[PDB]
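*Asks:* take these chains first, placed just as they are in the complex:
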Amino acid sequence: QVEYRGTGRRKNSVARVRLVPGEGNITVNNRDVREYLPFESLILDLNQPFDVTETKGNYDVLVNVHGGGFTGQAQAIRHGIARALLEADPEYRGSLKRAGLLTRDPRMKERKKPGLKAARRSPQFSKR
Amino acid sequence: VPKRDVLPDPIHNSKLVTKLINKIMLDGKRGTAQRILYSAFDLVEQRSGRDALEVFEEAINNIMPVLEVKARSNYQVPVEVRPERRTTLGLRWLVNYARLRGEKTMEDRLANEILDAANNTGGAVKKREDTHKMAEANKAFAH
Amino acid sequence: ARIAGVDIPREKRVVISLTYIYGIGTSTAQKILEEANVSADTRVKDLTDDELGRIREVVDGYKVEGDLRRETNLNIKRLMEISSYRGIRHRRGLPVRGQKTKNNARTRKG
Amino acid sequence: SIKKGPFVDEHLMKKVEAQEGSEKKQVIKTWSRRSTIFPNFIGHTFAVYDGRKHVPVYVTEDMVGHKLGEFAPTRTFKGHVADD
Amino acid sequence: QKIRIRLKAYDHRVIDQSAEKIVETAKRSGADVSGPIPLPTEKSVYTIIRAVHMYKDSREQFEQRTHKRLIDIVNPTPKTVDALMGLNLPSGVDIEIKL
Amino acid sequence: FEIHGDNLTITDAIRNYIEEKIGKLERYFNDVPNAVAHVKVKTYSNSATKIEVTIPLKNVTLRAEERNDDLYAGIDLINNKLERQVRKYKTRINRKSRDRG
């Protein structure tokens, strides 16, 4: 067969996505995602590439992910897929890039620095 | 300065419910906030067998004022309030008037409240009124 | 009363109805109720005279009474009397390690 | 605590084992900080350098939550306005 | 099954040029060389204060680079033995010969 | 209130004296949570009398300062500054109302 490929990176969580045509069926490191990510029932938004690009679908899923917790790990899914569909064919950049899906929003946790204590807040002041 | 879109809610394919979760999503713990909310769905969708969107759009439109005011010494002015701040207004008076019910469970007070204003009752319809009482009492000295 | 000790609660679960008595906490619960092979299940006193053999027998095997206020009274008259460098500090609100009394109103100081 | 088991300074021990045979003496200038109780130090009365000077005591039977590392609370009246 | 070494430099080119000239010595009388395999170059820190007495909040950071640089070659001859032990400079490396 | 003074041991007549004379100003408004004073002595070789003080305020603070030969005259200056300060701070303000439209 022929597995298209996209590779996503958010929040230490790399998404080596082995997309391939077929049915559409999830294996987060040889394991379905549904039980896996706490809790979680937000997987509608993860097949967004199917929601809006070559809609409905589907193409079959293998994926090799690691790093971080579920969220940014559940966000490299998108860039993995969409980058894999632009790899499939950039025909639908005009419905992908209208939803972005290639902007790996590089925001992260900034360094720690003076004043920052158990939660990030500027100090309290002296008074009277 | 723009305002932090929610894509949809992947429950109901809605939007408003997420806008509300983020006010309930204490500690960022959406798991427990969407927990207590889904509980809210089955419970209220049991009592008076209906949908959320019916009691939701109903009761969210029953407390939602169309006016409120502001100061500027401080002179308090009447203004047609803008809509998204009016949305988060209904959301906020809703939930903040909710928890003070003196009731134990996560959800019963909530459904009690939306069901309250669903029949044009409840203190959030009341504050809607007093807003609409000060307003048009606030026309003289400020308009 | 009821079986022994002091003031068994009413319609409270065994695993903490025990914890009320003067000198029962939590691990003590699973101990003394396991020594009669019972379960509470769930918030409430659920006893008959059946397991009363073992819940009445086990409870006699410890000093769950004012004798622990006696033996306490002995420990304190002991510590205070000797010289005692911990008999002055028996009152300040200090354990054996000192406590650097600066913030103390306190729960353990007047 | 101690690691199985009790210890003593042992240069005081060289004193007590000396004064232990005859009609036991009851006068001691000493240091008595790292020396814990045991019943050969009896027959003898202890005045320990308190932090400034030495300070006697009649040794007595009830001495179980006690030891000679110090028995004069050295903060010296008190330090405080109120009493105990 | 070949020579393997570990180089640690605190200026980030000498690893590369030293690696390649000693590679030249290594393939002169030999062949079958695996390259300068990069290792993550772990770091350090020293949270130093910009003061003498007080003002603890106004501080600053010195740090350090600790690079590891993993180089091999297979199929020895005693002339590439000398390729190891013929040229070592610049010796700021932590050169360690192995097999 | 907060009184640390270097190269000198404080006494008590100065306390009642200075702090009572400061208390006279509850004409306006006292408002007396904090009152930090400050001193030092400093060879010149005529050689000093430092008289420095804060008299902080609701939502703001202040400074009065003086150096003298002597603490009585030198103090009448930490006062008869703060007076004029507090006075103004209250005048101020702006009421001359005036309808609009």
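*Replies:* Received it, and whenever you're ready, just let me know what you need. Numbering: from 1, shown residues only, chains lettered A, B, ... in the order given.
*Asks:* residue of chain B closest to chain C, please.
*Replies:* Closest contact between chain B and chain C, by CB to the nearest CB, is at residue B:104 (14.9 Å). C-beta here means a position set from N, CA and C on the backbone, and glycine is covered the same way.
*Asks:* burial measure for that residue, as a count.
*Replies:* 7 (other CB atoms under 10 Å in any protein chain shown).
*Asks:* and it, what does it touch?
*Replies:* Residue B:104 makes no contacts at all, as judged by CB atoms under 8 Å, 6 or more residues apart in numbering or on different chains.
*Asks:* where's it relative to residue B:46, distance?
*Replies:* Residue B:104 is 18 Å from residue B:46, where distance means CB to CB, to the nearest Å.
*Asks:* can you give me the helices in chain C?
*Replies:* Applying DSSP state H to chain C gives helices spanning C:14-17, C:27-34, C:52-59, C:67-81, C:89-92.
*Asks:* which helix runs longest in the chain?
*Replies:* Since you didn't name a chain, this refers to chain A. For chain A, the helix reaching the highest residue count under DSSP H is reported as helix A:76-88.
*Asks:* sorry, should have said chain F
*Replies:* Under DSSP H, chain F gives helix F:71-89 as its longest helix.
*Asks:* let's bring in chain G now:
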Amino acid sequence: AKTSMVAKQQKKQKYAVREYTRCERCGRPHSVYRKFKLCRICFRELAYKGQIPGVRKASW
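*Replies:* Following on from the chains above, chain G is added here:
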């Protein structure tokens, strides 16, 4: 006092631990590493000399 504390630290002990290792150059006792035995401010004082790497500055 200071000059004889210098001799206090380097003469013998009774046992392992009633002993300190302050900084060599300055006599700064507190807040000093055991890696180089160099105080808070001696390293800055000799960091600018740039003898060692060392870096200085601001990537972390």
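*Asks:* coming back round to it: for the longest helix of chain F, packing partners?
*Replies:* helix F:13-23, strand F:50-53, strand F:64-67 (3 or more CB pairs under 8 Å, 6 or more residues apart in numbering or on different chains; DSSP states H and E).
*Asks:* now do the buried residues in it.
*Replies:* Neighbour-count burial for helix F:71-89, counted by 16 or more other CB atoms under 10 Å in any protein chain shown, picks out F:74-75, F:77-79, F:81-82, F:85-86.
*Asks:* for the spatially most central residue of chain D, which three-state class applies?
*Replies:* Geometric centre of chain D, nearest residue: residue D:68, 2.9 Å, by CA atoms, centre = their mean. Of the three states, residue D:68 takes coil under DSSP: H, G, I helix; E, B strand; the rest coil.
*Asks:* tally of neighbours for residue 34?
*Replies:* Went with chain A since none was named. Number of residues near residue A:34 (other CB under 10 Å) recorded here: 12.
*Asks:* actually chain C
*Replies:* Around residue C:34 there are 12 other residues, counting by other CB under 10 Å.
*Asks:* likewise for the one 3 residues further on?
*Replies:* Counted with other CB under 10 Å, the neighbours of residue C:37 add up to 9.
*Asks:* now for RNA strand H:
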RNA sequence: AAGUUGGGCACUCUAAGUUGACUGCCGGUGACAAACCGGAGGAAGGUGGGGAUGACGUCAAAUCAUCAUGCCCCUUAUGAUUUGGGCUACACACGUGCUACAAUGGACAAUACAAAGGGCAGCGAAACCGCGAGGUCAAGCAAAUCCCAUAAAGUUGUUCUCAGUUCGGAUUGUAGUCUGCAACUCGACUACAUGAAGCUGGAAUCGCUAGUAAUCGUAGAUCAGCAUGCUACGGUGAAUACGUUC
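*Replies:* To build on what is shown above, here is RNA strand H added in:
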């Protein structure tokens, strides 16, 4: 069992050199120019993210107690070794921060995902002991290899059903572990019990424009021993920005 074995370096990842974002390019606008808005592409489009960096001068700012040093003074001492106390006492206030005042909760049992650093007689692996602390030997290791290590929050079912509560664990004392000869004044930590106020805080007042605030944990220095501190790392994840009245 297993990226372990043989194989492959494809791919994440890996440390060095390479462009790419420079109003660069297009449209509008504008004294045409400076320049503003939008568009295109792009991952980044408006000094991209953040740090490094603090002009002239003000505070006779802090520092002789970092270091050196002008003047003064001690020198059988203000210099010195030695043991013990003590720098930690508390009628008091203040400031600082940490922790509860609970059912999104509390407790039970099963389960998943991080990053970053450190390690030689130092990181301690299993197996073994025990309520735990901890100890038995020693697997592996100058390290992308062996250890610290296991992640925490979450999630899973159970129950608790609004109490001064299964909240709270202060307190006091009982009993063990580790440290250094040394735990009284003065190290924490381990099981027992005891279970205080406190049911969200008046007047007052502070931080914050988004991965923020808010929130859960990890590890480094100091280190025989010792962190509600600091530092660094992450994982989870909001409302508000009309307008500059004031």
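*Asks:* can you check the neighbour count of residue A:34 again with RNA strand H included?
*Replies:* 12.
*Asks:* and residue B:87, by the same measure?
*Replies:* Using other CB under 10 Å: residue B:87 sits among 15 other residues.
*Asks:* who's in contact with it?
*Replies:* Listed by CB under 8 Å, 6+ apart, the contact partners of residue B:87 are B:16, B:19, B:64.
*Asks:* quick check: closest non-adjacent residue to residue 21.
*Replies:* You didn't say which chain, so I picked chain A. Nearest non-adjacent residue to residue A:21, counting by CB to CB, 6 or more residues apart in numbering or on different chains: residue A:59, 4.6 Å away.
*Asks:* oops, I was thinking of chain E
*Replies:* Using CB to CB, 6+ apart and skipping residues adjacent in sequence, the residue nearest residue E:21 is residue E:87, 6.4 Å away.
*Asks:* what's the angle from the longest helix of chain F to helix F:13-23?
*Replies:* Relative orientation of helix F:71-89 and helix F:13-23, computed by axes from the mean of the first three to the mean of the last three CA atoms, to 10 degrees: 20 degrees.
*Asks:* in space, what's closest to residue D:40 - neighbours in sequence excluded?
*Replies:* Distances taken as CB to CB, 6+ apart place residue D:16 nearest to residue D:40, at 5.7 Å, with adjacent residues excluded.
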